[PDB]
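The form deposited in one PDB entry is given below as one chain in structure tokens.
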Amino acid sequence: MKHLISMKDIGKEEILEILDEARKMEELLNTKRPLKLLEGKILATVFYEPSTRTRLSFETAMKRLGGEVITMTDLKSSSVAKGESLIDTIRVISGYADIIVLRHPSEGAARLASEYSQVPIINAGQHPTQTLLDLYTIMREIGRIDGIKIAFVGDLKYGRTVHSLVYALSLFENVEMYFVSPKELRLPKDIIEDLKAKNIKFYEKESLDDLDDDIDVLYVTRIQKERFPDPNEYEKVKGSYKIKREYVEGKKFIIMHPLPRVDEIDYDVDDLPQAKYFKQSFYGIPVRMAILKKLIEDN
């Protein structure tokens, strides 16, 4: 493996290898002793669109392995405004660092970049590293990925991360999926087709109540106010799909949600044992530590 550009470039095997490696990394973290696996390496963060959340994750992961980091975050008067192209920049940074995490708006910028890069590229957005992080959390908390009952709540139409996860989970055995959302935000039709094709049992419900306390994972998508020009549409969705304390109490599921959370989950839900979004956030360090080490040694 030499690049991590898309989840569709990784099979059920790589996924399990990475997850296994991630488990080791996690154990190493508890050691609470100075790790030096990547002692002499340099990770370069090339973001054409700022993202502190992302930068921090990778920077922390790399530093935990004993490596160093150099950042560069600007599509502004740093190169694109001037005239320096993505290719030239990638060739220059490619010569400075040992691995690169790229964040670019253009569709095939990451694929294109990996062509001119003489170093491994990690696409930070299709966000592979987020999907792996999701699978690691499920396995870590539920004990297994195969044969689980997971529900997706929220914007399944425009949900970036959601589609990537629905696809990755479709590679495992007996996974029941429940798609809860408004009618206007139902899962894309071509994805529903691929699920039927792969012969996966799923349901499309409209209310959070239609679910039953038999679900293992409740995955809440991000509901971004900006995607809804009409405020009534937003107050309609948020009000009908917000996860409240009353609804969570005594249930068997764990709550998952890729940060940030604005109105998708009440704050009084944070203390319940089934609230795992913050634990999930943490798991991001171990799996990114795994992905960094994996890509460096493989080269």
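Between two forms, the rigid core is defined as the largest C-alpha subset superposing within 1.5 Å. Don't overthink the numbering: it's just position in the shown sequence, from 1.
Note that the form deposited in another entry isn't included here; everything after this is about it.
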Quiz item: Among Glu204, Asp74, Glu141, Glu176, which is the residue that shifts its C-alpha 2 Å or more between this form and the one not shown, core superposed?
Solution: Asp74
Quiz item: For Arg186, is the C-alpha shift between this form and the one not shown 2 Å or more after core superposition?
Solution: no
Quiz item: Quick one: once the rigid core is lined up, does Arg227 have its C-alpha move by 2 Å or more between this form and the one not shown?
Solution: yes
Practice problem: Quick one: in the other entry, is the Cα gap between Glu59 and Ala81 smaller or bigger than here? Answer closer or farther; it shifts by 3 Å or more. | Solution: closer
Quiz item: Are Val92 and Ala81 closer or farther apart at their Cα atoms in the other entry than shown, with the shift being 3 Å or more?
Solution: closer
